[PDB]
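Protein chains in written order, with PDB author numbering: chain S, 50 to 66; chain B, 14 to 120; chain W, 8 to 99, 102 to 488; chain 6, 17 to 97; chain 4, 69 to 149; chain 5, 4 to 67.
By construction, the Cβ of each residue, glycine as well, lies at the ideal position given by its N, Cα and C atoms.
As C-alpha cells, the structure follows; a few thoughts come after it.
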RNA sequence: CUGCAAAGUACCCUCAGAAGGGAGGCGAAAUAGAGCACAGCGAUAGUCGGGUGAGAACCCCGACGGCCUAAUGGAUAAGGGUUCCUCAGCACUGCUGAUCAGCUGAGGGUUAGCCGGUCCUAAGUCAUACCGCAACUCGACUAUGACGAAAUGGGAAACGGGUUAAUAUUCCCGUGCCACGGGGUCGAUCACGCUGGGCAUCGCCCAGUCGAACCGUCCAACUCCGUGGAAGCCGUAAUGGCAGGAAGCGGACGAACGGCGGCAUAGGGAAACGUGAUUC
RNA sequence: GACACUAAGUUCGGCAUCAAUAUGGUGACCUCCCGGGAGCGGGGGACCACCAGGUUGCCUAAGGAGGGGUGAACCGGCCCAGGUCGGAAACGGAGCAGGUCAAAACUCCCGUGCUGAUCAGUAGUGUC
C-alpha cells in the first residue's frame with residue numbers, strides 16, 4: 050500500500066506543474 | 014507616483030463596498046483594465062498597464078476581472094499633465110464614458 | 008555523490024571483476040581526497056580493504072561482487088563511524106557539549122533536551138558560552154522552542170558559582186538531565202582548554218560529548234585526541250549529516266578515542282537528532298540509503314501510533330478524509346524520501362527525482378484547500394462526486410483558500426486517483442474501515458492484540474509492519 | 017413482546033402430509049408477520065425443532081410462541097415458550 | 069551443449085527441505101539423470117551430495133531434490149546465491 | 004553483440020576456454036538472481052548463450 | 001477493409017465494478033471504437049437463528065431434525081489428466097439462484113537403496129536366419145535372441161513419531177534392515193477397573209483406555225529316529241492306524257501378517273494411557 | 001334529600017395574538033466631497049430592515065417592545081487560522097473552514113383571547 054499510494058501521490062505532484 | 018485605477022472602480026455591476034467609485038449612472042458594464050488603458054493613452058495621458066495586479070476586494074480570479082492601470086497626473090515639477098484632468102475622479106469618469114464607445118464594444 | 012553510482016555502475020554483468028574492483032576502488036578512492044592527499048588515512052582504508060580479500064571469501068551461496076560491498080560499506084563506517092547504542096542515564102545526569110567553534114554544540118544541546126524530554130526526563134539547559142555575547146540569547150530561544158529551561162551561568166568569576174546556581178535550579182525545578190553548552194574553542198587554545206578542564210573538575214559531569222561536524226577534514230584526528238586527553242570526553246555527536254560530506258572524520262575520532270558515536274545531527278530542526286550510527290552512511294554509502302531510510306519510515310512512525318499525541322490529527326482522526334490522512338502521510342511522506350518512489354509514472358516529471366522539502370510544502374497547500382471544505386464534503390463516501398453535482402461548491406473552496414478553480418479540480422482528481430490504489434483494492438472503503446475501525450487502531454487493534462510482552466524495539470518493528478497498508482496484501486499474496 | 021397461539025398449523029393439513037413440517041414453518045412466519053404488522057420473521061431454532069419434533073409428517077396443531085417487536089422498522093424475534 | 073543445472077528452485081517447500089532436511093532443490097534439464105545432477109551440483113558448489121530424487125514437472129523442466137552431507141549443510145550454500 | 008566473431012578467432016585456444024568459463028560464470032550468476040530476484044536485462048542472459056555458442060563453434064572450426 | 005495519423009476515448013454522473021450505460025473528447029467518417037469503407041427411484045430433508053455480501057431458500061457458523069452401514073464410510077486397479085491447493089472472479093458451465101464450484105484466470109503442488117516399476121518366467125508375441133510365394137508390409141516349422149504380470153503370479157531390504165494450503169513407508173527426527181479339523185490376529189460382543197461425555201424419577205447410555213516395520217525367541221500340524229511290545233488295542237468331525245510293530249515315554253526336523261521380550265523415559269493422547277474371556 | 005342556574009376548580013387538546021411613532025443602535029444600499037502611490041484615511045447627506053428599552057393611537061374579543069432554538073456548503077451579522085490580494089515593510093482588505101449572536105430569515109415555548117372535552121363536585125341561588 051505505502052508504495053503505490055505514496056508513489057502515485059509523488060508522481061502526481063511532479064507532473065502537475 | 015502615478016495613480017491607481019482598478020476596474021472595480023468603474024464597474025456598474027459592483028456595489029459601493031465592492032469597490033465602485035463612480036455613480037451607477039456613469040459606471041460601465043464590465044470595464045477591463047485593458048480598455049481603461051486604451052482610452053486613457055488615447056487622450057494624451059501618460060499611462061502603463063499592470064496586467065497581473067489584482068484588486069483586494071475582488072473575489073474572482075479570472076482575467077477579464079483583473080489587472081491595474083497607472084496614469085501620470087502631475088509632472089515632477091507640479092503642473093498637471095492635462096488641465097482637463099485634475100483629480101482621479103476626473104479620469105475614472107472620462108474612462109467610464111469612453112469605453113462604451115470602443116469599437117470592440119459596439120461590435 | 009556521483010560515485011554512489013559506481014555502486015550500481017558497479018552492478019551489471021559478472022563477466023569481469025577484480026579490475027572492476029580496483030578501478031572502482033581507485034575510482035571511489037579518487038572522488039574522495041584520496042591517500043596521502045589531505046592526510047594519510049585512506050592508505051589505511053584502501054589497505055584494510057585489501058587486507059580482508061586475501062583472508063576471506065563471501066560465505067558460499069552468494070555472489071562475491073555483492074559481499075565486496077558489505078566489506079566496502081563496512082570499511083566506510085569504519086572510516087567515518089560504526090554505531091549501534093545510546094547513553095545510559097541514571098538518577099542524576103550532567104553532560105557537557107564541547108568542540109571546535111561552529112561544530113553545532115548549542116543546537117545539539119537543544120536537540121538533546123527535546124529528545125530526552127520526550128523520554129520523560131527533567132532537562133536543564135546551561136548556556137555557559139560567555140565569550141559570544143549573543144550566545145546566551147541563542148540557547149534561551151531554543152529552550153523556549155523546545156520548552157526546556159535555560160540557565161544563563163554567566164557568573165564565570167569562579168565555576169564554583171555556576172555549580173551553585175545549577176545545583177539550586179536543578180533542585181527547585183526537579184531537573185534530572187543537565188546539559189552544559191560550552192563555547193567553541195580551538196583544541197590548542199591553552200587558556201580555554203584549561204578553563205574547560207577546570208569547569209569539568211568543578212561540575213562533575215558524566216558524559217562529555219565532542220560535537221564533530223561531518224565536514225571536518227584531516228585534523229579531526231588531532232582535535233579528538235586533544236579534547237580527549239585534556240577533558241576526558243566520551244562520546245561523540247556527528248552533526249550536519251543532512252549534507253553530502255562523506256563523514257570520514259567520524260572514523261578518525263573513533264580510532265583515537267575508542268568512545269562510541271551516540272547521535273547523528275541530520276537537519277537544523279529541533280527534532281532532527283537520531284542514532285542511526287554507521288549503518289546509514291554505509292547505506293549512504295550506497296543506493297540503499299533509500300532502503301536504510303526506511304528506518305526513517307519505521308523509526309519515526311511508531312511516532313504515530315501512541316496515545317493520540319499526534320494531536321489527533323496526523324493520520325488518526327484526520328484519517329477520515331482517507332483522504333486527509335493519506336495527505337498527511339505523503340505531509341510526513343515528504344517529509345523526507347525513504348526510497349525511491351516506485352511511483353508508477355514518468356511523464357516529464359522533469360527530474361522530479363526529488364525535492365522534500367518542496368514535496369511537503371505541496372501536501373500542506375492541498376491541506377489548506379481542504380480547510381475550505383466542510384464536513385459534508387470531507388466525510389462524503391465520494392467527495393469528488395459532491396462537487397460534480399454542486400459545482401458552486403468548487404468556487405467557494407477556491408475563494409477561501411486563495412487558490413484557482415482549476416487547483417481545486419486538480420486536488421479532486423488527485424483524490425480520485427488516491428482513493429482508487431486506496432481503492433488497488435478495495436479502495437475507500439475497505440481501507441477506511443479497517444481504516445475507520447483500524448489504521449493505527451487497526452494496527453493498534455493489532456498493536457493491542459499482538460504487542461503485549463514485546464519490548465519497545467519489538468513494538469516499533471510491529472508498528473513498521475503495520476505501515477504496510479498492503480501488509481495485508483503481502484500476507485495474502487504470501488498465501 | 018407478547019405470547020401468541022399459532023393455529024394456522026391447521027391449514028397445513030391442506031398440503032399433503034409428508035411435507036407438513038415445512039408448511040408449518042411458513043405459516044408461523046406469516047402469522048407473526050400479520051398481527052404484528054411491525055414484526056420481521058426471525059424464527060429461533062427452538063420453534064423449528066418444536067414443529068419437526070415428530071418428523072416431517074406429524075406437526076402439532078398449535079404452537080405457543082413468544083415474539084418481540086422493535087418498533088422502528090418492524091422486526092420480530094420469536095421463540096418457543 | 070545443454071547445461072545440467074538451470075537454477076535453484078525457491079519455494080516455501082524448498083525452504084523447509086533446506087532448513088530441516090538439509091536438502092537443495094534445483095530445476096535441471098529433463099534428461100540430466102540422477103548421477104549427472106549429483107556430479108554437476110558438487111562441482112558447482114563444492115559439496116558432497118548424498119542423494120538425488122527427481123520429478124518431471126509439469127513445467128517442462130525437471131526438479132531435483134539434492135540432499136547434502138551433514139557437514140556440508142545447506143542453508144549456507146544457498147545463502148551465497 | 005559485445006563479443007564479435009573476429010574477436011573470438013583473434014583469441015588463442017587457451018583464451019577461448021578462459022573466455023568460455025567466464026561467460027558460463029556470468030550466465031550462472033544471472034540465473035541465480037535468476038531464481039531469486041531478476042535484476043535485469045533479458046537481452047544479455049540471451050546474449051550470454053549465443054556468445055557461448057559462438058566460442059564453441061569457433062573452438063571446433065579451429066581445432067580447439 | 002480500424003485509421004492519413006493512435007489521435008486506440010481525458011474528465012464527470014451511475015454501478016458491487018478497470019464491466020456496462022449516460023455525457024463528453026478525437027477524426028473527413030466511430031452504424032471507422034478493437035475478428036473494428038426441472039415430482040415418480042426404499043435415500044421424501046430440512047427448519048430457526050447468525051456470518052459474508054450490491055444481492056443469499058440452497059456459500060459458511062451453531063442448534064435442532066434427518067439420510068447412508070459391503071455403503072452416500074476407508075484404501076485402491078484400470079481409465080481420466082491437473083480435475084488437486086491457494087488467491088481473484090461470475091460473461092460460460094451448474095436442470096432455479098449463487099457471494100459457491102469439479103466453472104473462468106493466475107500462481108503453486110507429486111521428493112524413496114528398503115512402496116511399485118525395473119528383474120524372472122506364463123498363455124502367447126515379435127525379430128533375425130532358413131524355406132515358401134510371381135512378390136511382399138504375406139506364410140507354417142525349426143533354430144537363436146528378445147518381448148510378455150504396476151490391484152491379482154515369482155520377488156533382497158522400513159518401522160514409529162513429527163510436519164504442509166497441497167506430498168510423504170519418499171521430507172524431518174529417531175531407530176532398523178538389505179545388496180553390492182486344528183493353530184490364530186483384527187473386529188464384534190461379555191465381565192470388571194480407570195479417563196470424560198450425555199441424561200436426570202430411575203441408573204443407565206456413549207466414546208477412549210493406544211503404540212509399527214523390524215530384531216530375537218516359542219510352538220501346533222506333518223515327517224522321522226530311539227525306546228517300548230499291543231494278537232484288540234490306539235485314534236478322528238469323518239476316513240482310518242498297527243508285529244512290514246499300535247499306545248505310552250523320550251528325541252530330530254519343523255508355522256503364522258500369531259504369542260512373548262526389545263524396538264518406546266520412539267510416537268501418540270485432553271485424560272486414563274486396562275485386565276480376562278467368547279466367537280474368531 | 002334529589003335535581004337545576006351563576007360564579008368557579010383540574011386536566012389533555014384546538015384556533016388565534018395590531019398599528020403608527022421619538023431617541024439610541026446594528027446592518028444593507030445609494031449619493032456627494034477632502035486626502036492619498038496602493039490596501040485606504042477622513043467628512044456630509046438619503047433610503048430600507050431589524051434590535052433596545054420608551055410613548056401613543058381612540059386600536060381589536062385579544063395584541064406584552066417575553067424566553068428559547070436554528071442559522072442554512074455559499075446564499076444573515078459579527079470574530080475570522082490558514083491561504084489570497086494590495087504593500088519593500090508596517091500593515092490593510094476581500095474572505096472559506098472554525099467559533100459566535102440584543103439586532104436577515106425561519107421557527108418553538110410563555111403569556112394573553114375565544115374554544116371543544118375531561119374531572120371535580122366545593123361557593124352561592126332556585127326548584128320539588
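8 Å Cβ shell around residue 154 (chain W) - same chain, five flanking residues per side excluded: 119, 279
State yes or no: is the C-beta of residue 77 (chain W) within less than 8 Å of the C-beta of residue 311 (chain W)? no
Nearest-angstrom Cβ-Cβ length linking residue 389 (chain W) and residue 406 (chain W), presumed shorter than 8 Å: No, residue 389 (chain W) and residue 406 (chain W) are not in contact; Cβ-Cβ is about 13 Å, not under 8 Å.
Reference residue 19 (chain 6); option with closest CA among 80 (chain 6), 85 (chain 6), 44 (chain 6), 90 (chain 6): 80 (chain 6)
Under 8 Å, Cβ to Cβ, is there at least one residue of chain 5 near residue 11 (chain W)? no
Along the region 433-455 of chain W, where does the CB come closer than 8 Å to a CB of chain S? Name the residues. 433, 440
Please report whether the beta-carbon of residue 368 (chain W) lies at a distance below 8 Å from any beta-carbon of chain 4. no
I want to verify the contact list: residues of chain 5 whose CB lies under 9 Å from the CB of residue 150 (chain 4), in sequence order. Nothing about residue 150 (chain 4) can be reported from this structure: the residues present for chain 4 run from 69 to 149 only.
Suppose the cutoff is 7 Å on Cβ atoms and the five residues either side in sequence are ignored; what does the same chain contact list for residue 313 (chain W) look like? 319, 323, 324, 449
Short Cβ contact (8 Å threshold) for residue 185 (chain W) with residue 298 (chain W): no
Identify, in the order they occur along the chain, each residue of the same chain with its Cβ nearer than 8 Å to the Cβ of residue 70 (chain W), setting aside the five sequence neighbours on each side. 21
Under 8 Å, do residue 64 (chain 6) and residue 92 (chain 6) count as touching if we go by C-beta distance? no
Mind listing the chain W neighbours of residue 74 (chain B)? Cutoff is C-beta to C-beta under 7 Å, in chain order. 413
Skipping 5 residues on each side, what residues in its chain have a beta carbon closer than 7 Å to that of residue 84 (chain B)? 15, 16, 18, 53, 58, 59, 60, 104
Any chain B beta carbon closer than 8 Å to residue 408 (chain W): yes
Bridge-paired residues (DSSP) for residue 92 (chain 4): 134 (chain 4)
Chain-order list of residues whose beta-carbon lies under 7 Å from that of residue 193 (chain W) (same chain, five-residue window excluded): 108, 109, 110, 111, 112, 114
Taking only beta-carbon positions, decide if residue 29 (chain 5) is within less than 8 Å of chain W. yes
What would DSSP say about residue 36 (chain B), mapped onto helix, strand or coil? coil
By the 9 Å beta-carbon criterion, what residues does the region 138-149 of chain 4 contribute toward chain W? 142, 143, 144, 145, 146, 147, 148, 149
For a contact meaning CB atoms closer than 7 Å, what does residue 72 (chain 5) contact in chain 4? A query on residue 72 (chain 5) cannot be resolved here, the shown segment of chain 5 reaching from 4 to 67 and no further.
Strictly under 8 Å for the Cβ-Cβ distance: is residue 37 (chain 5) near chain 4 by that measure? yes
Neighbour list for residue 34 (chain 5) in chain 4, Cβ cutoff strictly below 7 Å: 74, 75
Verify whether the separation of the beta carbon atoms of residue 259 (chain W) and residue 242 (chain W) is less than 8 Å. no
Would residue 17 (chain 6) be called buried (16 or more neighbouring beta carbons within 10 Å of its own) or exposed? exposed
Which residue marks the beginning of the beta strand (DSSP E) containing residue 187 (chain W), and which one marks its end? 186-191
Residues near residue 37 (chain 5) by beta carbon distance below 6 Å, same chain, minus five either side: none
Can you give me, in chain order, the residues of the region 63-93 of chain W that have a beta carbon less than 8 Å from any beta carbon in chain 4? 65, 66, 67, 68, 69, 70
Pick from 79 (chain W), 305 (chain W), 262 (chain W) that is closest to residue 547 (chain W), judged by C-alpha positions: The requested residue 547 (chain W) does not occur in the structure, where chain W is confined to residues 8 to 488.
Interface residues of chain W around residue 113 (chain 4) at Cβ under 7 Å? 67
Whole-number beta carbon distance between residue 136 (chain 4) and residue 118 (chain 4), since they are thought to touch under 8 Å: 6 Å
Let me know the secondary structure DSSP gives residue 107 (chain B) once reduced to three states. helix
At which residues does the alpha helix (DSSP H) containing residue 487 (chain W) begin and terminate? 482-487
Around the C-beta of residue 44 (chain W), are 16 or more other C-beta atoms found within 10 angstroms, so that it is buried, or is it exposed? exposed
Note down, in chain order, each residue of its chain lying with its Cβ closer than 8 Å to the Cβ of residue 55 (chain 5), except the 5 sequence neighbours on either side. 23, 26, 27, 30
If you check the beta carbons only, do residue 109 (chain 4) and residue 134 (chain 4) fall under 8 Å apart? yes
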